[PDB]
>>> print(open('model_14.pdb').read())   # PDB, C-alpha atoms
ATOM      1  CA  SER X   1      -6.826 -16.132 -22.619  1.00  0.00           C
ATOM      2  CA  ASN X   2      -3.175 -15.876 -23.640  1.00  0.00           C
ATOM      3  CA  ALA X   3      -3.348 -12.052 -23.377  1.00  0.00           C
ATOM      4  CA  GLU X   4      -5.810 -11.571 -20.477  1.00  0.00           C
ATOM      5  CA  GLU X   5      -3.474 -13.684 -18.366  1.00  0.00           C
ATOM      6  CA  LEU X   6      -0.603 -11.344 -19.247  1.00  0.00           C
ATOM      7  CA  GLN X   7      -2.374  -8.132 -18.186  1.00  0.00           C
ATOM      8  CA  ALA X   8      -3.944  -9.616 -15.091  1.00  0.00           C
ATOM      9  CA  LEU X   9      -0.224 -10.048 -14.362  1.00  0.00           C
ATOM     10  CA  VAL X  10       0.790  -6.434 -15.053  1.00  0.00           C
ATOM     11  CA  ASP X  11      -2.124  -5.239 -12.907  1.00  0.00           C
ATOM     12  CA  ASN X  12      -0.745  -7.080  -9.873  1.00  0.00           C
ATOM     13  CA  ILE X  13       2.814  -5.805 -10.104  1.00  0.00           C
ATOM     14  CA  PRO X  14       2.935  -2.823  -7.683  1.00  0.00           C
ATOM     15  CA  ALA X  15       6.038  -1.433  -9.425  1.00  0.00           C
ATOM     16  CA  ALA X  16       6.525   1.883 -11.243  1.00  0.00           C
ATOM     17  CA  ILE X  17       9.449   3.302 -13.168  1.00  0.00           C
ATOM     18  CA  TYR X  18       9.949   6.987 -12.449  1.00  0.00           C
ATOM     19  CA  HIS X  19      12.441   9.703 -13.274  1.00  0.00           C
ATOM     20  CA  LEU X  20      13.414  12.382 -10.777  1.00  0.00           C
ATOM     21  CA  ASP X  21      14.935  15.471 -12.383  1.00  0.00           C
ATOM     22  CA  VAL X  22      17.435  17.933 -10.875  1.00  0.00           C
ATOM     23  CA  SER X  23      14.626  20.288  -9.812  1.00  0.00           C
ATOM     24  CA  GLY X  24      12.936  17.601  -7.682  1.00  0.00           C
ATOM     25  CA  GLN X  25      10.195  16.704 -10.141  1.00  0.00           C
ATOM     26  CA  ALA X  26       9.224  13.021 -10.357  1.00  0.00           C
ATOM     27  CA  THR X  27       7.489  11.856 -13.518  1.00  0.00           C
ATOM     28  CA  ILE X  28       6.278   8.307 -14.065  1.00  0.00           C
ATOM     29  CA  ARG X  29       7.767   6.605 -17.116  1.00  0.00           C
ATOM     30  CA  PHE X  30       5.275   4.646 -19.206  1.00  0.00           C
ATOM     31  CA  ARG X  31       6.776   2.265 -21.741  1.00  0.00           C
ATOM     32  CA  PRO X  32       4.757   0.168 -24.187  1.00  0.00           C
ATOM     33  CA  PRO X  33       6.087  -3.347 -24.936  1.00  0.00           C
ATOM     34  CA  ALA X  34       9.338  -3.178 -26.966  1.00  0.00           C
ATOM     35  CA  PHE X  35       7.788  -4.369 -30.253  1.00  0.00           C
ATOM     36  CA  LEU X  36       5.245  -1.572 -29.877  1.00  0.00           C
ATOM     37  CA  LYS X  37       7.952   1.011 -29.220  1.00  0.00           C
ATOM     38  CA  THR X  38       7.953   2.141 -32.861  1.00  0.00           C
ATOM     39  CA  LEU X  39       4.240   1.580 -33.512  1.00  0.00           C
ATOM     40  CA  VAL X  40       2.656   4.289 -31.372  1.00  0.00           C
ATOM     41  CA  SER X  41       2.149   8.045 -31.814  1.00  0.00           C
ATOM     42  CA  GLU X  42       1.963  11.044 -29.479  1.00  0.00           C
ATOM     43  CA  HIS X  43      -1.227  13.079 -29.609  1.00  0.00           C
ATOM     44  CA  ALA X  44      -2.789  15.461 -27.086  1.00  0.00           C
ATOM     45  CA  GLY X  45      -0.538  14.110 -24.333  1.00  0.00           C
ATOM     46  CA  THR X  46      -1.975  10.646 -25.022  1.00  0.00           C
ATOM     47  CA  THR X  47      -0.394   7.604 -26.690  1.00  0.00           C
ATOM     48  CA  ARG X  48      -1.942   6.488 -29.990  1.00  0.00           C
ATOM     49  CA  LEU X  49      -1.881   2.937 -31.339  1.00  0.00           C
ATOM     50  CA  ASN X  50      -1.158   2.899 -35.074  1.00  0.00           C
ATOM     51  CA  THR X  51      -1.477  -0.830 -35.267  1.00  0.00           C
ATOM     52  CA  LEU X  52      -4.780  -0.970 -37.195  1.00  0.00           C
ATOM     53  CA  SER X  53      -3.311   0.636 -40.284  1.00  0.00           C
ATOM     54  CA  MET X  54      -0.755  -2.168 -40.247  1.00  0.00           C
ATOM     55  CA  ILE X  55      -3.010  -5.200 -40.485  1.00  0.00           C
ATOM     56  CA  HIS X  56      -1.648  -7.670 -43.068  1.00  0.00           C
ATOM     57  CA  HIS X  57      -3.871  -7.465 -46.192  1.00  0.00           C
ATOM     58  CA  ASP X  58      -5.012 -11.075 -45.896  1.00  0.00           C
ATOM     59  CA  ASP X  59      -6.144 -10.527 -42.299  1.00  0.00           C
ATOM     60  CA  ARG X  60      -8.273  -7.416 -42.930  1.00  0.00           C
ATOM     61  CA  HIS X  61     -11.682  -8.883 -43.867  1.00  0.00           C
ATOM     62  CA  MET X  62     -11.575 -11.090 -40.786  1.00  0.00           C
ATOM     63  CA  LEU X  63     -10.740  -8.301 -38.439  1.00  0.00           C
ATOM     64  CA  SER X  64     -13.322  -5.952 -39.956  1.00  0.00           C
ATOM     65  CA  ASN X  65     -15.935  -8.718 -39.680  1.00  0.00           C
ATOM     66  CA  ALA X  66     -15.212  -8.962 -35.948  1.00  0.00           C
ATOM     67  CA  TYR X  67     -15.688  -5.225 -35.575  1.00  0.00           C
ATOM     68  CA  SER X  68     -19.180  -5.393 -37.070  1.00  0.00           C
ATOM     69  CA  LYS X  69     -20.020  -8.170 -34.608  1.00  0.00           C
ATOM     70  CA  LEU X  70     -18.853  -6.165 -31.602  1.00  0.00           C
ATOM     71  CA  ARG X  71     -20.473  -2.965 -32.844  1.00  0.00           C
ATOM     72  CA  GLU X  72     -23.912  -4.592 -32.760  1.00  0.00           C
ATOM     73  CA  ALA X  73     -23.773  -6.607 -29.527  1.00  0.00           C
ATOM     74  CA  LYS X  74     -21.861  -6.777 -26.239  1.00  0.00           C
ATOM     75  CA  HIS X  75     -19.285  -9.467 -27.048  1.00  0.00           C
ATOM     76  CA  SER X  76     -15.832 -10.495 -26.003  1.00  0.00           C
ATOM     77  CA  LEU X  77     -13.675 -12.025 -28.750  1.00  0.00           C
ATOM     78  CA  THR X  78     -10.070 -13.082 -29.215  1.00  0.00           C
ATOM     79  CA  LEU X  79      -8.435 -12.383 -32.589  1.00  0.00           C
ATOM     80  CA  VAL X  80      -5.090 -13.395 -34.041  1.00  0.00           C
ATOM     81  CA  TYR X  81      -3.760 -11.479 -37.009  1.00  0.00           C
ATOM     82  CA  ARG X  82      -0.505 -10.306 -38.503  1.00  0.00           C
ATOM     83  CA  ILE X  83       0.711  -6.751 -38.781  1.00  0.00           C
ATOM     84  CA  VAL X  84       3.455  -5.388 -40.973  1.00  0.00           C
ATOM     85  CA  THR X  85       5.341  -2.375 -39.712  1.00  0.00           C
ATOM     86  CA  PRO X  86       6.821   0.568 -41.630  1.00  0.00           C
ATOM     87  CA  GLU X  87      10.201  -1.197 -41.511  1.00  0.00           C
ATOM     88  CA  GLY X  88       8.736  -4.433 -42.930  1.00  0.00           C
ATOM     89  CA  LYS X  89       8.871  -6.390 -39.660  1.00  0.00           C
ATOM     90  CA  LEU X  90       6.073  -9.004 -39.306  1.00  0.00           C
ATOM     91  CA  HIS X  91       4.418  -9.727 -35.957  1.00  0.00           C
ATOM     92  CA  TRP X  92       1.665 -12.145 -34.913  1.00  0.00           C
ATOM     93  CA  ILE X  93      -0.872 -10.451 -32.671  1.00  0.00           C
ATOM     94  CA  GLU X  94      -3.270 -11.848 -30.161  1.00  0.00           C
ATOM     95  CA  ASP X  95      -5.963  -9.265 -29.582  1.00  0.00           C
ATOM     96  CA  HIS X  96      -8.674  -9.656 -26.948  1.00  0.00           C
ATOM     97  CA  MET X  97     -11.645  -7.252 -27.486  1.00  0.00           C
ATOM     98  CA  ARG X  98     -14.694  -6.326 -25.379  1.00  0.00           C
ATOM     99  CA  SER X  99     -17.613  -4.409 -26.836  1.00  0.00           C
ATOM    100  CA  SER X 100     -19.241  -1.638 -24.735  1.00  0.00           C
ATOM    101  CA  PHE X 101     -22.481   0.357 -24.816  1.00  0.00           C
ATOM    102  CA  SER X 102     -23.938   3.580 -23.407  1.00  0.00           C
ATOM    103  CA  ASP X 103     -26.877   3.645 -20.990  1.00  0.00           C
ATOM    104  CA  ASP X 104     -29.069   4.026 -24.086  1.00  0.00           C
ATOM    105  CA  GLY X 105     -28.019   0.838 -25.866  1.00  0.00           C
ATOM    106  CA  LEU X 106     -25.619   2.900 -27.974  1.00  0.00           C
ATOM    107  CA  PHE X 107     -22.300   1.428 -29.037  1.00  0.00           C
ATOM    108  CA  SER X 108     -19.618   3.234 -27.006  1.00  0.00           C
ATOM    109  CA  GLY X 109     -16.343   1.751 -28.305  1.00  0.00           C
ATOM    110  CA  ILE X 110     -14.064  -1.274 -27.800  1.00  0.00           C
ATOM    111  CA  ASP X 111     -11.753  -2.149 -24.846  1.00  0.00           C
ATOM    112  CA  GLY X 112      -8.853  -4.379 -25.772  1.00  0.00           C
ATOM    113  CA  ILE X 113      -5.708  -6.079 -24.560  1.00  0.00           C
ATOM    114  CA  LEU X 114      -3.198  -7.085 -27.180  1.00  0.00           C
ATOM    115  CA  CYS X 115       0.068  -9.006 -27.087  1.00  0.00           C
ATOM    116  CA  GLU X 116       2.709 -10.417 -29.389  1.00  0.00           C
ATOM    117  CA  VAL X 117       2.623 -14.131 -29.992  1.00  0.00           C
ATOM    118  CA  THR X 118       5.854 -16.098 -29.674  1.00  0.00           C
TER     119      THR X 118
ATOM    120  CA  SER W   1      16.357  -6.530  -5.851  1.00  0.00           C
ATOM    121  CA  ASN W   2      12.737  -6.955  -4.776  1.00  0.00           C
ATOM    122  CA  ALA W   3      11.680  -4.130  -7.146  1.00  0.00           C
ATOM    123  CA  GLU W   4      14.136  -4.579 -10.056  1.00  0.00           C
ATOM    124  CA  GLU W   5      12.849  -8.131 -10.372  1.00  0.00           C
ATOM    125  CA  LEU W   6       9.297  -6.791 -10.657  1.00  0.00           C
ATOM    126  CA  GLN W   7      10.023  -4.356 -13.508  1.00  0.00           C
ATOM    127  CA  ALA W   8      12.301  -6.704 -15.389  1.00  0.00           C
ATOM    128  CA  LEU W   9       9.023  -8.654 -15.362  1.00  0.00           C
ATOM    129  CA  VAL W  10       6.819  -5.843 -16.707  1.00  0.00           C
ATOM    130  CA  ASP W  11       9.390  -5.179 -19.442  1.00  0.00           C
ATOM    131  CA  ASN W  12       9.008  -8.727 -20.769  1.00  0.00           C
ATOM    132  CA  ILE W  13       5.224  -8.786 -20.922  1.00  0.00           C
ATOM    133  CA  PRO W  14       4.388  -7.903 -24.568  1.00  0.00           C
ATOM    134  CA  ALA W  15       0.838  -6.882 -23.590  1.00  0.00           C
ATOM    135  CA  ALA W  16      -0.888  -3.497 -23.895  1.00  0.00           C
ATOM    136  CA  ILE W  17      -4.298  -2.294 -22.801  1.00  0.00           C
ATOM    137  CA  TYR W  18      -5.895  -0.048 -25.399  1.00  0.00           C
ATOM    138  CA  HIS W  19      -9.208   1.672 -25.978  1.00  0.00           C
ATOM    139  CA  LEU W  20     -10.739   2.003 -29.430  1.00  0.00           C
ATOM    140  CA  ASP W  21     -13.341   4.760 -29.675  1.00  0.00           C
ATOM    141  CA  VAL W  22     -16.338   4.980 -32.033  1.00  0.00           C
ATOM    142  CA  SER W  23     -14.357   7.100 -34.513  1.00  0.00           C
ATOM    143  CA  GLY W  24     -11.672   4.412 -34.941  1.00  0.00           C
ATOM    144  CA  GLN W  25      -9.058   5.995 -32.699  1.00  0.00           C
ATOM    145  CA  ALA W  26      -6.967   3.623 -30.564  1.00  0.00           C
ATOM    146  CA  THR W  27      -5.283   5.066 -27.492  1.00  0.00           C
ATOM    147  CA  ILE W  28      -3.044   3.059 -25.185  1.00  0.00           C
ATOM    148  CA  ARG W  29      -4.203   2.979 -21.569  1.00  0.00           C
ATOM    149  CA  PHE W  30      -1.438   3.465 -19.012  1.00  0.00           C
ATOM    150  CA  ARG W  31      -2.333   2.575 -15.441  1.00  0.00           C
ATOM    151  CA  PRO W  32      -0.006   3.000 -12.466  1.00  0.00           C
ATOM    152  CA  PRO W  33      -0.185   0.303  -9.749  1.00  0.00           C
ATOM    153  CA  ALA W  34      -3.506   0.505  -7.836  1.00  0.00           C
ATOM    154  CA  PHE W  35      -2.001   1.938  -4.627  1.00  0.00           C
ATOM    155  CA  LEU W  36      -0.485   4.691  -6.760  1.00  0.00           C
ATOM    156  CA  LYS W  37      -3.803   5.411  -8.463  1.00  0.00           C
ATOM    157  CA  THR W  38      -4.548   8.306  -6.097  1.00  0.00           C
ATOM    158  CA  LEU W  39      -0.944   9.452  -5.632  1.00  0.00           C
ATOM    159  CA  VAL W  40      -0.118  10.840  -9.070  1.00  0.00           C
ATOM    160  CA  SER W  41      -0.913  14.118 -10.856  1.00  0.00           C
ATOM    161  CA  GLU W  42      -1.475  15.162 -14.472  1.00  0.00           C
ATOM    162  CA  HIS W  43       0.845  17.828 -15.831  1.00  0.00           C
ATOM    163  CA  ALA W  44       1.797  18.745 -19.400  1.00  0.00           C
ATOM    164  CA  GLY W  45       0.406  15.443 -20.678  1.00  0.00           C
ATOM    165  CA  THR W  46       2.816  13.654 -18.325  1.00  0.00           C
ATOM    166  CA  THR W  47       2.151  11.750 -15.090  1.00  0.00           C
ATOM    167  CA  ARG W  48       3.627  13.246 -11.911  1.00  0.00           C
ATOM    168  CA  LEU W  49       4.589  11.270  -8.811  1.00  0.00           C
ATOM    169  CA  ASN W  50       3.537  13.092  -5.641  1.00  0.00           C
ATOM    170  CA  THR W  51       5.033  10.459  -3.433  1.00  0.00           C
ATOM    171  CA  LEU W  52       7.983  12.507  -2.109  1.00  0.00           C
ATOM    172  CA  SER W  53       5.759  14.977  -0.312  1.00  0.00           C
ATOM    173  CA  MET W  54       4.276  11.985   1.488  1.00  0.00           C
ATOM    174  CA  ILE W  55       7.360  10.540   3.144  1.00  0.00           C
ATOM    175  CA  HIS W  56       6.618   9.654   6.790  1.00  0.00           C
ATOM    176  CA  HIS W  57       8.318  12.280   9.017  1.00  0.00           C
ATOM    177  CA  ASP W  58      10.598   9.734  10.672  1.00  0.00           C
ATOM    178  CA  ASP W  59      11.855   8.513   7.288  1.00  0.00           C
ATOM    179  CA  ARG W  60      12.775  11.932   5.850  1.00  0.00           C
ATOM    180  CA  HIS W  61      16.360  12.448   7.089  1.00  0.00           C
ATOM    181  CA  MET W  62      17.298   9.009   5.796  1.00  0.00           C
ATOM    182  CA  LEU W  63      15.846   9.554   2.393  1.00  0.00           C
ATOM    183  CA  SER W  64      17.349  13.035   2.063  1.00  0.00           C
ATOM    184  CA  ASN W  65      20.735  11.623   3.110  1.00  0.00           C
ATOM    185  CA  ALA W  66      20.521   9.117   0.250  1.00  0.00           C
ATOM    186  CA  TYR W  67      19.788  11.914  -2.194  1.00  0.00           C
ATOM    187  CA  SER W  68      22.969  13.761  -1.230  1.00  0.00           C
ATOM    188  CA  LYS W  69      24.919  10.542  -1.792  1.00  0.00           C
ATOM    189  CA  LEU W  70      23.479  10.012  -5.266  1.00  0.00           C
ATOM    190  CA  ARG W  71      23.829  13.674  -6.198  1.00  0.00           C
ATOM    191  CA  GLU W  72      27.600  13.508  -5.714  1.00  0.00           C
ATOM    192  CA  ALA W  73      28.461  10.121  -7.235  1.00  0.00           C
ATOM    193  CA  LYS W  74      27.059   7.531  -9.649  1.00  0.00           C
ATOM    194  CA  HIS W  75      25.433   5.091  -7.215  1.00  0.00           C
ATOM    195  CA  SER W  76      22.631   2.597  -7.144  1.00  0.00           C
ATOM    196  CA  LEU W  77      20.820   2.261  -3.806  1.00  0.00           C
ATOM    197  CA  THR W  78      17.729   0.538  -2.460  1.00  0.00           C
ATOM    198  CA  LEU W  79      15.617   2.422   0.096  1.00  0.00           C
ATOM    199  CA  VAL W  80      12.653   1.370   2.201  1.00  0.00           C
ATOM    200  CA  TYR W  81      10.472   4.054   3.712  1.00  0.00           C
ATOM    201  CA  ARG W  82       6.876   4.721   4.623  1.00  0.00           C
ATOM    202  CA  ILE W  83       4.546   7.192   2.992  1.00  0.00           C
ATOM    203  CA  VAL W  84       1.296   8.560   4.319  1.00  0.00           C
ATOM    204  CA  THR W  85      -1.329   9.539   1.793  1.00  0.00           C
ATOM    205  CA  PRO W  86      -3.877  12.372   1.882  1.00  0.00           C
ATOM    206  CA  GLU W  87      -6.466   9.857   3.119  1.00  0.00           C
ATOM    207  CA  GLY W  88      -4.181   8.659   5.942  1.00  0.00           C
ATOM    208  CA  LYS W  89      -3.331   5.296   4.358  1.00  0.00           C
ATOM    209  CA  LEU W  90       0.188   4.018   5.236  1.00  0.00           C
ATOM    210  CA  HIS W  91       2.325   2.135   2.713  1.00  0.00           C
ATOM    211  CA  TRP W  92       5.808   0.606   2.919  1.00  0.00           C
ATOM    212  CA  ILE W  93       7.871   1.474  -0.134  1.00  0.00           C
ATOM    213  CA  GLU W  94      10.839  -0.211  -1.668  1.00  0.00           C
ATOM    214  CA  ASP W  95      12.587   2.315  -3.866  1.00  0.00           C
ATOM    215  CA  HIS W  96      15.534   1.430  -6.095  1.00  0.00           C
ATOM    216  CA  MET W  97      17.486   4.533  -7.301  1.00  0.00           C
ATOM    217  CA  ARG W  98      20.266   5.057  -9.869  1.00  0.00           C
ATOM    218  CA  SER W  99      22.233   8.285 -10.041  1.00  0.00           C
ATOM    219  CA  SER W 100      23.076   9.756 -13.486  1.00  0.00           C
ATOM    220  CA  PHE W 101      25.462  12.380 -14.868  1.00  0.00           C
ATOM    221  CA  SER W 102      25.925  14.527 -17.979  1.00  0.00           C
ATOM    222  CA  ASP W 103      28.915  14.186 -20.307  1.00  0.00           C
ATOM    223  CA  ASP W 104      30.531  16.920 -18.199  1.00  0.00           C
ATOM    224  CA  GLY W 105      30.400  15.140 -14.845  1.00  0.00           C
ATOM    225  CA  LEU W 106      27.254  17.107 -14.014  1.00  0.00           C
ATOM    226  CA  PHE W 107      24.506  15.496 -11.973  1.00  0.00           C
ATOM    227  CA  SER W 108      21.606  14.864 -14.376  1.00  0.00           C
ATOM    228  CA  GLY W 109      18.879  13.389 -12.140  1.00  0.00           C
ATOM    229  CA  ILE W 110      17.777  10.057 -10.632  1.00  0.00           C
ATOM    230  CA  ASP W 111      16.195   6.986 -12.336  1.00  0.00           C
ATOM    231  CA  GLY W 112      14.102   4.856 -10.029  1.00  0.00           C
ATOM    232  CA  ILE W 113      11.827   1.857  -9.752  1.00  0.00           C
ATOM    233  CA  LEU W 114       9.526   1.734  -6.774  1.00  0.00           C
ATOM    234  CA  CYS W 115       7.094  -0.848  -5.440  1.00  0.00           C
ATOM    235  CA  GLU W 116       4.834  -1.501  -2.484  1.00  0.00           C
ATOM    236  CA  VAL W 117       6.064  -3.969   0.077  1.00  0.00           C
ATOM    237  CA  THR W 118       3.703  -6.701   1.247  1.00  0.00           C
TER     238      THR W 118
END
>>> encode(input="model_14.pdb", output="structure tokens")
Amino acid sequence: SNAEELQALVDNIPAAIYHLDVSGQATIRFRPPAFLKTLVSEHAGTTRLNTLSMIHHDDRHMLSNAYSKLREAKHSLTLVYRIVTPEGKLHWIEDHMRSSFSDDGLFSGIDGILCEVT
Amino acid sequence: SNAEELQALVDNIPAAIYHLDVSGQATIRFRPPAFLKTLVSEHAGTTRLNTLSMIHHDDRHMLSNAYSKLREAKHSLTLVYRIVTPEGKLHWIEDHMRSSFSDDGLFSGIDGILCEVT
């Protein structure tokens, strides 16, 4: 898939941006893709993805339909939808999703890889 | 440079791994390169790079010499050195470093990009 390809590619690059401060402390710098720079939040020392509140209104029923499908069965799907940001920028998203389940057949969340289409 | 090339490449990939939990909360997953998996620490919700304590003993004077150079002048340098991990694994590192300074001509730390050589 257009997006799986991409990440299989990030996973092979053995590179890491770091910053070393004056006191000798090296901290790894993690940057989301540029377009995502403004679309994420800090919470509990973890990066949040605010992208779901941004789905274009005409793309919402589709997306939600896909969620129901994944919630009830172990699927992989690829979705394309638009998002509109706070600052009115429009982006086409390719979003690959994989459903997951607990040992007990319980739904345990979704693992995704998303990219901008251009 | 061997490593600058690499990251210029990560910076262009508009892909992001995320996890969406059962309560609707999407968190971006940040993974260091595999070899680095075991070589980083969690601290203050930020990832630490424990790689400097691992420099091979025969590579230490060199590296430290480079630090003195960067500390006194805005330089970019590329260093290659070995590290030995807790579990005795040996890795060749290419490490590109850029010196930085405060408005007042004060040394303000080092910005680097490092990769495994193979």
>>> residues_around(input="model_14.pdb", residues="residue 81 (chain W)", least_positions_apart="4", cutoff="12 Å", atoms="all atoms listed in the file", output="PyMOL selection string")
chain W and resi 51-52+54-64+66+90-96+114-117
>>> interface_residues(input="model_14.pdb", of="chain W", to="chain X", cutoff="7 Å", atoms="only C-alpha atoms", output="PyMOL selection string")
chain W and resi 3+6-7+10-11+13-22+26-28+30+32-33+45-49+108-116
>>> calpha_fit_and_write(input="model_14.pdb", fixed="chain X", moving="chain W", output="mmCIF file with C-alpha atoms, in the frame of the given file")
data_model
loop_
_atom_site.group_PDB
_atom_site.id
_atom_site.type_symbol
_atom_site.label_atom_id
_atom_site.label_comp_id
_atom_site.auth_asym_id
_atom_site.auth_seq_id
_atom_site.Cartn_x
_atom_site.Cartn_y
_atom_site.Cartn_z
ATOM 1 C CA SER W 1 -6.826 -16.132 -22.619
ATOM 2 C CA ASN W 2 -3.174 -15.876 -23.641
ATOM 3 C CA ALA W 3 -3.348 -12.053 -23.377
ATOM 4 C CA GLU W 4 -5.810 -11.571 -20.477
ATOM 5 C CA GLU W 5 -3.474 -13.684 -18.366
ATOM 6 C CA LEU W 6 -0.603 -11.344 -19.247
ATOM 7 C CA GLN W 7 -2.374 -8.132 -18.185
ATOM 8 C CA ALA W 8 -3.943 -9.615 -15.090
ATOM 9 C CA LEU W 9 -0.224 -10.048 -14.362
ATOM 10 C CA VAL W 10 0.791 -6.434 -15.053
ATOM 11 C CA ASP W 11 -2.124 -5.239 -12.907
ATOM 12 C CA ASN W 12 -0.745 -7.080 -9.873
ATOM 13 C CA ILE W 13 2.814 -5.805 -10.105
ATOM 14 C CA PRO W 14 2.935 -2.823 -7.683
ATOM 15 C CA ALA W 15 6.038 -1.432 -9.425
ATOM 16 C CA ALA W 16 6.524 1.883 -11.243
ATOM 17 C CA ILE W 17 9.449 3.302 -13.167
ATOM 18 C CA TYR W 18 9.949 6.987 -12.448
ATOM 19 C CA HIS W 19 12.441 9.703 -13.274
ATOM 20 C CA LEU W 20 13.415 12.382 -10.776
ATOM 21 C CA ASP W 21 14.935 15.471 -12.383
ATOM 22 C CA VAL W 22 17.435 17.933 -10.875
ATOM 23 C CA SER W 23 14.626 20.289 -9.812
ATOM 24 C CA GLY W 24 12.936 17.601 -7.682
ATOM 25 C CA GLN W 25 10.195 16.704 -10.141
ATOM 26 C CA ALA W 26 9.225 13.021 -10.358
ATOM 27 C CA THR W 27 7.489 11.856 -13.518
ATOM 28 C CA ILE W 28 6.278 8.307 -14.065
ATOM 29 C CA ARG W 29 7.767 6.605 -17.116
ATOM 30 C CA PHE W 30 5.275 4.646 -19.207
ATOM 31 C CA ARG W 31 6.775 2.265 -21.741
ATOM 32 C CA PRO W 32 4.757 0.169 -24.187
ATOM 33 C CA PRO W 33 6.086 -3.347 -24.936
ATOM 34 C CA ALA W 34 9.338 -3.178 -26.966
ATOM 35 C CA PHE W 35 7.788 -4.368 -30.252
ATOM 36 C CA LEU W 36 5.245 -1.572 -29.877
ATOM 37 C CA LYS W 37 7.952 1.011 -29.220
ATOM 38 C CA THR W 38 7.953 2.141 -32.862
ATOM 39 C CA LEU W 39 4.240 1.579 -33.512
ATOM 40 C CA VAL W 40 2.656 4.289 -31.372
ATOM 41 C CA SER W 41 2.149 8.045 -31.814
ATOM 42 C CA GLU W 42 1.963 11.044 -29.479
ATOM 43 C CA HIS W 43 -1.227 13.080 -29.609
ATOM 44 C CA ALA W 44 -2.789 15.462 -27.085
ATOM 45 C CA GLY W 45 -0.537 14.111 -24.333
ATOM 46 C CA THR W 46 -1.975 10.646 -25.022
ATOM 47 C CA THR W 47 -0.395 7.604 -26.690
ATOM 48 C CA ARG W 48 -1.941 6.488 -29.990
ATOM 49 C CA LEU W 49 -1.880 2.936 -31.339
ATOM 50 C CA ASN W 50 -1.159 2.899 -35.074
ATOM 51 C CA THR W 51 -1.477 -0.830 -35.266
ATOM 52 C CA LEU W 52 -4.780 -0.970 -37.195
ATOM 53 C CA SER W 53 -3.311 0.636 -40.283
ATOM 54 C CA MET W 54 -0.755 -2.167 -40.247
ATOM 55 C CA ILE W 55 -3.010 -5.200 -40.485
ATOM 56 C CA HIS W 56 -1.647 -7.670 -43.068
ATOM 57 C CA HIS W 57 -3.871 -7.465 -46.192
ATOM 58 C CA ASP W 58 -5.012 -11.075 -45.896
ATOM 59 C CA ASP W 59 -6.145 -10.527 -42.299
ATOM 60 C CA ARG W 60 -8.273 -7.416 -42.930
ATOM 61 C CA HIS W 61 -11.682 -8.884 -43.867
ATOM 62 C CA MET W 62 -11.575 -11.091 -40.786
ATOM 63 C CA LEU W 63 -10.740 -8.301 -38.439
ATOM 64 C CA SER W 64 -13.322 -5.952 -39.956
ATOM 65 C CA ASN W 65 -15.935 -8.718 -39.679
ATOM 66 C CA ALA W 66 -15.212 -8.963 -35.948
ATOM 67 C CA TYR W 67 -15.688 -5.225 -35.574
ATOM 68 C CA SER W 68 -19.180 -5.393 -37.070
ATOM 69 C CA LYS W 69 -20.020 -8.170 -34.609
ATOM 70 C CA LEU W 70 -18.853 -6.165 -31.602
ATOM 71 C CA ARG W 71 -20.473 -2.965 -32.844
ATOM 72 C CA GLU W 72 -23.912 -4.592 -32.760
ATOM 73 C CA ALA W 73 -23.774 -6.607 -29.527
ATOM 74 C CA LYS W 74 -21.861 -6.777 -26.239
ATOM 75 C CA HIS W 75 -19.285 -9.467 -27.048
ATOM 76 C CA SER W 76 -15.832 -10.495 -26.003
ATOM 77 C CA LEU W 77 -13.675 -12.025 -28.750
ATOM 78 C CA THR W 78 -10.070 -13.082 -29.215
ATOM 79 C CA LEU W 79 -8.436 -12.383 -32.590
ATOM 80 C CA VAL W 80 -5.090 -13.394 -34.041
ATOM 81 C CA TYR W 81 -3.760 -11.480 -37.009
ATOM 82 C CA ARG W 82 -0.505 -10.306 -38.503
ATOM 83 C CA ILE W 83 0.710 -6.751 -38.781
ATOM 84 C CA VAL W 84 3.455 -5.388 -40.973
ATOM 85 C CA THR W 85 5.341 -2.375 -39.712
ATOM 86 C CA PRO W 86 6.820 0.567 -41.630
ATOM 87 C CA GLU W 87 10.201 -1.197 -41.511
ATOM 88 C CA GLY W 88 8.737 -4.433 -42.930
ATOM 89 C CA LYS W 89 8.871 -6.390 -39.660
ATOM 90 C CA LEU W 90 6.072 -9.003 -39.306
ATOM 91 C CA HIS W 91 4.418 -9.728 -35.957
ATOM 92 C CA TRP W 92 1.665 -12.145 -34.913
ATOM 93 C CA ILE W 93 -0.872 -10.451 -32.671
ATOM 94 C CA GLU W 94 -3.270 -11.848 -30.161
ATOM 95 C CA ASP W 95 -5.963 -9.264 -29.582
ATOM 96 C CA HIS W 96 -8.674 -9.656 -26.948
ATOM 97 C CA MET W 97 -11.645 -7.252 -27.487
ATOM 98 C CA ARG W 98 -14.694 -6.326 -25.378
ATOM 99 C CA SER W 99 -17.613 -4.409 -26.836
ATOM 100 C CA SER W 100 -19.241 -1.638 -24.735
ATOM 101 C CA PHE W 101 -22.481 0.357 -24.816
ATOM 102 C CA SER W 102 -23.938 3.580 -23.406
ATOM 103 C CA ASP W 103 -26.877 3.645 -20.991
ATOM 104 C CA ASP W 104 -29.069 4.026 -24.086
ATOM 105 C CA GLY W 105 -28.019 0.838 -25.866
ATOM 106 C CA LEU W 106 -25.619 2.901 -27.973
ATOM 107 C CA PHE W 107 -22.300 1.428 -29.038
ATOM 108 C CA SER W 108 -19.617 3.234 -27.007
ATOM 109 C CA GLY W 109 -16.343 1.750 -28.305
ATOM 110 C CA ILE W 110 -14.065 -1.274 -27.800
ATOM 111 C CA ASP W 111 -11.752 -2.149 -24.846
ATOM 112 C CA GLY W 112 -8.853 -4.379 -25.771
ATOM 113 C CA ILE W 113 -5.708 -6.079 -24.560
ATOM 114 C CA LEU W 114 -3.198 -7.085 -27.180
ATOM 115 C CA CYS W 115 0.067 -9.006 -27.088
ATOM 116 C CA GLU W 116 2.709 -10.417 -29.390
ATOM 117 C CA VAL W 117 2.623 -14.131 -29.992
ATOM 118 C CA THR W 118 5.854 -16.098 -29.674
#
